[PDB]
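Inspection log for the structure reproduced underneath, given as structure tokens.
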Amino acid sequence: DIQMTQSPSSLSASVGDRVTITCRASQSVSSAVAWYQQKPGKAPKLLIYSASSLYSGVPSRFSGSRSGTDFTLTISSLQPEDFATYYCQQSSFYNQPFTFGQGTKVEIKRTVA
Amino acid sequence: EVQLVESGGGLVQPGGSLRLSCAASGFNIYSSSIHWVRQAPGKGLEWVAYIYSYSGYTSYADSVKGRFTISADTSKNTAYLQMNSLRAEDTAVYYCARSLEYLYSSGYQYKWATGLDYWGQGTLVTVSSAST
Amino acid sequence: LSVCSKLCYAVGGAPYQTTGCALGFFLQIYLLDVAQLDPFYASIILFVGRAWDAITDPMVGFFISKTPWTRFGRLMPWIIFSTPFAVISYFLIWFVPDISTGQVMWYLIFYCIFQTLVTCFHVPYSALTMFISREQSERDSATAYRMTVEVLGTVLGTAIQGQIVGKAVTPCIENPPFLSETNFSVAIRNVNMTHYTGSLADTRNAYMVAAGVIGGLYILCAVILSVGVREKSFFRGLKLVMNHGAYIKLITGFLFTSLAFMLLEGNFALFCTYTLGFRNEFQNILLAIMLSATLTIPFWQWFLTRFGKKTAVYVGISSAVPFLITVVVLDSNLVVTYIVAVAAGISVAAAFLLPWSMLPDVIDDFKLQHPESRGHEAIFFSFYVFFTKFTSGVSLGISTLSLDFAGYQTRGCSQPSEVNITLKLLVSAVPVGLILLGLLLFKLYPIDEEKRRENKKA
Ligand SMILES: CC/C=C\C/C=C\C/C=C\CCCCCCCC(=O)OC[C@@H](O)COP(=O)(O)OCC[N+](C)(C)C
Ligand SMILES: *[C@@H]1O[C@H](CO)[C@@H](O)[C@H](O)[C@H]1NC(C)=O
Ligand SMILES: *[C@@H]1O[C@H](CO)[C@@H](O)[C@H](O)[C@H]1NC(C)=O
């Protein structure tokens, strides 16, 4: 099994901010990542497969990148409908268990009360 | 239009038999693959099993190997997940999901990968001696 | 005449060798990988093309001396006019057709046309020697220049076709882990290919670029040859060639050895990629082989001068056996592969330099056995070259056919077990068998460094 680890586990960012979520794969190479997004109480949605390939029907806000086994997902303009939990999955048949990451809960940012 | 509807849930006794069904519409199972992925109540997603319905190639998670058996039925176009010898920690919401097999480039080689493109709605199973 | 032309006549040997080299090594890899033809039809193409190259040599050799001395010369207009069509039909071999039906004919027709035209260029160029000048010393010096340039042209063809194609490696799809039959026809369905088809178009463009570069060298060398050089029965012969038994024994021996080595050429070009798994740097290995052979040829000349030629044949052609066994016995290693490659290059240089210098000795022995014969001296070279090329074509066809029967998978990145067993037998079992049978039939060759008599009499 490959230990996929999402380094931030709770992100705070208001509408418009540049959001970045990383997912370190323990194994060095020959792995793909698949980024999904899950709303509270709804099924996930495949956002980006092959670490850079947007799925058909997904807004262009999202962008993936493979930076030396450090897969990354970035949202350019966080629309107030992107407050969900983003998961990274080990998509590759060479590394068989397609285990998911921990998750990254994105929540609005404001002054603490 | 593609649609995946799950069936089979409710309460299970710890160490019981539950067959979860995943009925498909708008596509043929015998031509495509199916993943099953569970999400624990209040935890992250956890991949459970996978099947390529044409050849019959099944994979399982390290926690479910030898307990769960995935299969596919073309006479009904339905994926199946049989769950036997259930521990009181497999209670979750199970989603079946069509895969999207693609090829990623590793140098000159084009290796195979799979992404769960369309997800089912998920059904809730509670493995417990007494709940709710 | 003087070096004012002996240098211009030299470069003319390059077009035949570069085109002939880049083909011989890479063509089987082309039709199987970037052209993606059925290995049955690829075997048909290879066999028929090399057999047609063998057939068109005496055809063209007879077609001359029947053509009149024009205002440009008699042998020169052949070279002047065959070059455009030669480079055209050579570019179209390394070009994938624009049709879905009749892909095999697109390669048969153009490979055969290129063979015919490169023959109409090489055979009048070869026969141009006897009309360069009247002094035999000048013709021998021009022949030495030409053979030097031909070896260097083998080197250039290998280097160019390997470095241009090496920049865009052929894409391979790993065996589908979710499939048992290893068929791609099922896996590719419902799967995007724009990336794979893009990489395939990249390697096809690399092959087209290499074809264009080699054709440009062809055109340039032909123009230099045409501007710097200005020139000034048979059934009985075939019945007579079978009455010189020593020549026949030399032919059987050297033919078995040369056949082994050309089998090595083709099936090793494929084997280095698919069995050993060095798909990324097999061009470097081929270039190392060719460079070792070319730099070690002069050593073999010194060896011929030191010992007998019958000792050099044994030592040189036998040096290949242990390394050819080693390369298949021990697992893949790019440090061991380079060593077996340089040893095989040395042995290749030996096995191809020895006949070229031992055949004139049987010519001199025939000049003493039947010392009244006029003509009937290049019939020996013609027979030897025909039975070299025809047999090499038959063997390459049978090799690709056996690879077809072993279940060769196109687009694959790891071939089945039977294909690897065959690629190991076609480099060690069959080639070493042929090498030993050749060196055993060479024990039946009478001149055993008794050439002193044939020399003093002359
Ligand atoms: C594993 C190896 C794979 C492939 C290698 C096998 C075949 C391809 C290579 C060559 C095929 C071309 C064969 C055509 C005839 C042989 C050419 C040859 O190699 O014949 C030697 C000749 O070239 C000597 O010319 P040299 O440069 O020695 O000058 C001589 C100077 N002098 C006269 C004073 C001694
Ligand atoms: C596998 O490939 C062979 C050769 O292309 C073909 O004849 C056969 O029908 C294929 N099998 C399938 C499509 O399952
Ligand atoms: C495959 O992906 C490419 C982008 O890399 C896209 O242009 C093409 O339309 C896709 N084709 C299919 C069959 O979806």
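Residues are referred to by chain and number: the chain letter is A, B, ... according to the order shown in the structure tokens, the number counts from 1 in that chain, and ligands are numbered separately from 1 in the order shown.
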
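Residues in contact range of range 59-63 of chain B, defined as at most 9 Å between only C-alpha atoms, with sequence neighbours fewer than 5 positions away removed, read residues 1, 96, 97, 98 and 99 of chain A; 46, 47, 48, 49, 50, 51, 68, 69 and 70 of chain B.
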
Just-selected residues, N, CA, C and O atoms written as a PDB file, in the first residue's frame:
ATOM      1  N   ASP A   1       0.818  -1.206   0.000  1.00  0.00           N
ATOM      2  CA  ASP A   1       0.000   0.000   0.000  1.00  0.00           C
ATOM      3  C   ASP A   1       0.856   1.262   0.000  1.00  0.00           C
ATOM      4  O   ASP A   1       1.906   1.317   0.639  1.00  0.00           O
ATOM      5  N   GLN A  96      -1.501  -0.852  -6.747  1.00  0.00           N
ATOM      6  CA  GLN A  96      -2.863  -1.353  -6.900  1.00  0.00           C
ATOM      7  C   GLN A  96      -3.889  -0.745  -5.953  1.00  0.00           C
ATOM      8  O   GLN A  96      -4.939  -0.299  -6.444  1.00  0.00           O
ATOM      9  N   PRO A  97      -3.697  -0.704  -4.633  1.00  0.00           N
ATOM     10  CA  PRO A  97      -4.763  -0.176  -3.769  1.00  0.00           C
ATOM     11  C   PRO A  97      -4.947   1.316  -4.000  1.00  0.00           C
ATOM     12  O   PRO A  97      -4.093   2.123  -3.633  1.00  0.00           O
ATOM     13  N   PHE A  98      -6.072   1.681  -4.612  1.00  0.00           N
ATOM     14  CA  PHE A  98      -6.363   3.081  -4.914  1.00  0.00           C
ATOM     15  C   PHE A  98      -6.875   3.780  -3.655  1.00  0.00           C
ATOM     16  O   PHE A  98      -7.989   4.295  -3.593  1.00  0.00           O
ATOM     17  N   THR A  99      -6.020   3.801  -2.640  1.00  0.00           N
ATOM     18  CA  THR A  99      -6.366   4.392  -1.358  1.00  0.00           C
ATOM     19  C   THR A  99      -6.463   5.905  -1.479  1.00  0.00           C
ATOM     20  O   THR A  99      -5.660   6.539  -2.167  1.00  0.00           O
TER      21      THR A  99
ATOM     22  N   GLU B  46     -12.826   5.829   1.736  1.00  0.00           N
ATOM     23  CA  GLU B  46     -11.973   4.650   1.807  1.00  0.00           C
ATOM     24  C   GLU B  46     -12.329   3.726   0.656  1.00  0.00           C
ATOM     25  O   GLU B  46     -13.451   3.219   0.594  1.00  0.00           O
ATOM     26  N   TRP B  47     -11.383   3.515  -0.252  1.00  0.00           N
ATOM     27  CA  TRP B  47     -11.613   2.622  -1.377  1.00  0.00           C
ATOM     28  C   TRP B  47     -11.754   1.188  -0.890  1.00  0.00           C
ATOM     29  O   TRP B  47     -10.975   0.721  -0.056  1.00  0.00           O
ATOM     30  N   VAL B  48     -12.758   0.483  -1.412  1.00  0.00           N
ATOM     31  CA  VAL B  48     -13.102  -0.856  -0.952  1.00  0.00           C
ATOM     32  C   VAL B  48     -12.727  -1.917  -1.977  1.00  0.00           C
ATOM     33  O   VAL B  48     -11.951  -2.828  -1.683  1.00  0.00           O
ATOM     34  N   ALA B  49     -13.270  -1.821  -3.186  1.00  0.00           N
ATOM     35  CA  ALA B  49     -13.075  -2.892  -4.156  1.00  0.00           C
ATOM     36  C   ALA B  49     -13.164  -2.322  -5.564  1.00  0.00           C
ATOM     37  O   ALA B  49     -13.569  -1.176  -5.765  1.00  0.00           O
ATOM     38  N   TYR B  50     -12.814  -3.147  -6.545  1.00  0.00           N
ATOM     39  CA  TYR B  50     -12.832  -2.744  -7.944  1.00  0.00           C
ATOM     40  C   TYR B  50     -13.005  -3.983  -8.803  1.00  0.00           C
ATOM     41  O   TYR B  50     -12.503  -5.053  -8.457  1.00  0.00           O
ATOM     42  N   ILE B  51     -13.702  -3.830  -9.927  1.00  0.00           N
ATOM     43  CA  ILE B  51     -13.875  -4.937 -10.865  1.00  0.00           C
ATOM     44  C   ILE B  51     -13.902  -4.398 -12.285  1.00  0.00           C
ATOM     45  O   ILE B  51     -14.492  -3.348 -12.561  1.00  0.00           O
ATOM     46  N   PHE B  68     -14.835  -9.408   1.668  1.00  0.00           N
ATOM     47  CA  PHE B  68     -15.731  -8.895   0.645  1.00  0.00           C
ATOM     48  C   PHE B  68     -15.397  -9.520  -0.699  1.00  0.00           C
ATOM     49  O   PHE B  68     -14.234  -9.792  -1.005  1.00  0.00           O
ATOM     50  N   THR B  69     -16.432  -9.747  -1.503  1.00  0.00           N
ATOM     51  CA  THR B  69     -16.249 -10.254  -2.858  1.00  0.00           C
ATOM     52  C   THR B  69     -17.102  -9.441  -3.817  1.00  0.00           C
ATOM     53  O   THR B  69     -18.325  -9.386  -3.675  1.00  0.00           O
ATOM     54  N   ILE B  70     -16.456  -8.797  -4.768  1.00  0.00           N
ATOM     55  CA  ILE B  70     -17.141  -7.985  -5.764  1.00  0.00           C
ATOM     56  C   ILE B  70     -17.405  -8.848  -6.985  1.00  0.00           C
ATOM     57  O   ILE B  70     -16.636  -9.765  -7.295  1.00  0.00           O
TER      58      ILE B  70
END

TODO: Could you tell me, counting only C-alpha atoms and all ligand atoms, which protein and nucleic acid residues lie no more than 10 Å from ligand 3, written as an MDAnalysis selection string?
DONE: (chainID A and resid 52:56) or (chainID B and resid 102) or (chainID C and resid 190:198)

Preceding selection exported with N, CA and C atoms as a compact mmCIF listing (two decimals), in the first residue's frame:
# COMPACT_ATOMS: atom_id res chain seq x y z
N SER A 52 -3.44 16.23 -13.90
CA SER A 52 -3.55 17.52 -14.57
C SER A 52 -4.74 17.62 -15.52
N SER A 53 -5.55 16.57 -15.62
CA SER A 53 -6.57 16.48 -16.67
C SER A 53 -7.94 16.75 -16.07
N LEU A 54 -8.49 17.92 -16.38
CA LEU A 54 -9.84 18.25 -15.93
C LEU A 54 -10.85 17.28 -16.52
N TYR A 55 -11.81 16.87 -15.70
CA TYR A 55 -12.89 16.03 -16.16
C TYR A 55 -13.89 16.85 -16.96
N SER A 56 -14.56 16.20 -17.90
CA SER A 56 -15.50 16.89 -18.78
C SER A 56 -16.69 17.38 -17.98
N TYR B 102 -7.71 5.46 -17.92
CA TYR B 102 -6.93 6.34 -18.77
C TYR B 102 -5.48 5.88 -18.73
N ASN C 190 -13.17 2.72 -25.21
CA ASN C 190 -13.58 3.59 -24.11
C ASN C 190 -12.39 4.28 -23.45
N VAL C 191 -11.27 4.41 -24.18
CA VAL C 191 -10.04 5.04 -23.59
C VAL C 191 -9.50 6.11 -24.54
N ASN C 192 -9.20 7.31 -24.02
CA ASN C 192 -8.65 8.42 -24.84
C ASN C 192 -7.25 8.03 -25.33
N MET C 193 -6.89 8.44 -26.55
CA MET C 193 -5.60 8.04 -27.14
C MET C 193 -4.85 9.28 -27.64
N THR C 194 -5.43 10.47 -27.55
CA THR C 194 -4.84 11.70 -28.08
C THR C 194 -3.41 11.87 -27.60
N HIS C 195 -3.13 11.48 -26.36
CA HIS C 195 -1.75 11.51 -25.87
C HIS C 195 -0.90 10.44 -26.54
N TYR C 196 -1.40 9.20 -26.58
CA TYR C 196 -0.64 8.13 -27.22
C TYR C 196 -0.52 8.36 -28.71
N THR C 197 -1.61 8.78 -29.36
CA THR C 197 -1.54 9.07 -30.79
C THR C 197 -0.64 10.27 -31.06
N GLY C 198 -0.55 11.21 -30.12
CA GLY C 198 0.38 12.31 -30.28
C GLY C 198 1.83 11.86 -30.19

Open item on the list: Distance limit 6 Å, reference ligand 2, atoms considered: only C-alpha atoms and all ligand atoms. Which residues make the cut? Give them as a PyMOL selection string.
Closed with: chain C and resi 183+185-186

Open item on the list: Distance cut-off 7 Å, counting only C-alpha atoms - which residues of chain B neighbour chain A? Return them as a ChimeraX atom specification.
Closed with: /B:44-47,61,104,106,112-117,119,121

Task: Protein and nucleic residues near ligand 1, 6 Å, only C-alpha atoms and all ligand atoms, as a VMD selection string - done: chain C and resid 144 147 to 148 151 261 to 262 264 to 265 297 to 298 344 348 352 to 353 356

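The residues of chain C lying at most 12 Å from chain A, with only C-alpha atoms taken into account, are residues 174, 175, 176, 177, 178, 179, 192 and 195 of chain C.
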
Those residues you just picked out, can you put them in a file as an mmCIF file, in the first residue's frame with N, CA, C and O atoms?
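out_18.cif written:
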data_model
loop_
_atom_site.group_PDB
_atom_site.id
_atom_site.type_symbol
_atom_site.label_atom_id
_atom_site.label_comp_id
_atom_site.auth_asym_id
_atom_site.auth_seq_id
_atom_site.Cartn_x
_atom_site.Cartn_y
_atom_site.Cartn_z
ATOM 1 N N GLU C 174 1.724 -0.399 -21.522
ATOM 2 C CA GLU C 174 1.942 -1.559 -20.676
ATOM 3 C C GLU C 174 0.749 -2.499 -20.774
ATOM 4 O O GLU C 174 -0.368 -2.088 -21.098
ATOM 5 N N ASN C 175 1.000 -3.773 -20.517
ATOM 6 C CA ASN C 175 -0.049 -4.774 -20.609
ATOM 7 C C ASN C 175 -1.175 -4.424 -19.648
ATOM 8 O O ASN C 175 -0.904 -4.111 -18.480
ATOM 9 N N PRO C 176 -2.428 -4.435 -20.089
ATOM 10 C CA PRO C 176 -3.536 -4.073 -19.210
ATOM 11 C C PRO C 176 -3.605 -5.005 -18.016
ATOM 12 O O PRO C 176 -3.825 -6.214 -18.174
ATOM 13 N N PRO C 177 -3.416 -4.484 -16.801
ATOM 14 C CA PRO C 177 -3.505 -5.340 -15.613
ATOM 15 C C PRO C 177 -4.888 -5.910 -15.383
ATOM 16 O O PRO C 177 -5.009 -6.940 -14.709
ATOM 17 N N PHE C 178 -5.925 -5.286 -15.926
ATOM 18 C CA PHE C 178 -7.288 -5.765 -15.773
ATOM 19 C C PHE C 178 -7.687 -6.754 -16.855
ATOM 20 O O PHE C 178 -8.849 -7.163 -16.902
ATOM 21 N N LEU C 179 -6.756 -7.149 -17.717
ATOM 22 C CA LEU C 179 -7.048 -8.028 -18.838
ATOM 23 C C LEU C 179 -6.139 -9.245 -18.789
ATOM 24 O O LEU C 179 -4.993 -9.159 -18.341
ATOM 25 N N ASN C 192 -9.202 7.309 -24.015
ATOM 26 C CA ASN C 192 -8.649 8.419 -24.841
ATOM 27 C C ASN C 192 -7.252 8.031 -25.333
ATOM 28 O O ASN C 192 -6.520 7.375 -24.574
ATOM 29 N N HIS C 195 -3.125 11.479 -26.358
ATOM 30 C CA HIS C 195 -1.752 11.513 -25.871
ATOM 31 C C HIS C 195 -0.903 10.437 -26.536
ATOM 32 O O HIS C 195 0.203 10.713 -27.019
#

Please report as JSON lines every residue of chain B lying within 6 Å of chain C, along with the nearest atom pair and their distance in Å (one decimal), using only C-alpha atoms.
{"residue": "B:55", "atom": "CA", "partner": "C:179", "partner_atom": "CA", "distance": 5.7}
{"residue": "B:57", "atom": "CA", "partner": "C:178", "partner_atom": "CA", "distance": 5.2}
{"residue": "B:102", "atom": "CA", "partner": "C:191", "partner_atom": "CA", "distance": 5.9}
{"residue": "B:108", "atom": "CA", "partner": "C:171", "partner_atom": "CA", "distance": 5.1}
{"residue": "B:109", "atom": "CA", "partner": "C:172", "partner_atom": "CA", "distance": 5.0}
{"residue": "B:110", "atom": "CA", "partner": "C:173", "partner_atom": "CA", "distance": 4.7}
{"residue": "B:111", "atom": "CA", "partner": "C:174", "partner_atom": "CA", "distance": 5.5}

Open item on the list: Please list as an MDAnalysis selection string every residue within 12 Å of residue 71 in chain C, counting only C-alpha atoms and excluding residues in the same chain fewer than 3 positions away.
Closed with: chainID C and resid 68 74:77 230:232

Task: Which of chain B fall in strand (DSSP E or B), as number ranges by chain - done: B: 3-7, 10-12, 18-25, 33-39, 45-52, 57-60, 68-73, 78-83, 92-106, 109-119, 123-127

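If you look at CA of residue 93 in chain C and CA of residue 24 in chain C, they are 12.9 Å away from each other.
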
Open item on the list: List as a PyMOL selection string the protein and nucleic acid residues near residue 293 in chain C, meaning an atom at most 6 Å away when only C-alpha atoms are counted, but skip any in the same chain fewer than 5 places from it.
Closed with: chain C and resi 345-346+349

Open item on the list: Taking 6 positions as the minimum chain separation for residues in the same chain, which residues sit within 6 Å of range 4-13 of chain C when counting only C-alpha atoms? Answer as a list in words.
Closed with: residues 142, 145, 146, 150, 221, 225, 228 and 229 of chain C

I need the chosen residues saved as an mmCIF file, in the first residue's frame, with C-alpha atoms.
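This went into out.cif:
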data_model
loop_
_atom_site.group_PDB
_atom_site.id
_atom_site.type_symbol
_atom_site.label_atom_id
_atom_site.label_comp_id
_atom_site.auth_asym_id
_atom_site.auth_seq_id
_atom_site.Cartn_x
_atom_site.Cartn_y
_atom_site.Cartn_z
ATOM 1 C CA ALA C 142 39.654 4.555 -56.081
ATOM 2 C CA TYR C 145 38.682 5.170 -51.203
ATOM 3 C CA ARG C 146 35.225 3.855 -52.076
ATOM 4 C CA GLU C 150 31.246 2.846 -47.633
ATOM 5 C CA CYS C 221 26.329 12.655 -52.732
ATOM 6 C CA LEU C 225 29.401 12.073 -57.886
ATOM 7 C CA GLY C 228 33.157 15.468 -60.077
ATOM 8 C CA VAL C 229 33.323 12.231 -62.073
#

Task: Residue contacts of residue 52 in chain B (10 Å, only C-alpha atoms) excluding same-chain residues fewer than 6 positions away, as an MDAnalysis selection string - done: (chainID B and resid 29:35 58:59 71:72 99) or (chainID C and resid 177:179)

Task: For residue 87 in chain B: contacts at 10 Å, only C-alpha atoms, fewer than 6 positions along chain excluded, given as an MDAnalysis selection string - done: chainID B and resid 12:16 67 127:128

- [ ] Would you mind reading off the distance between CA of residue 85 in chain B and CA of residue 65 in chain B, one decimal, in Å?
- [x] 11.3 Å

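One finds CA of residue 22 in chain C at 10.8 Å from CA of residue 165 in chain C.
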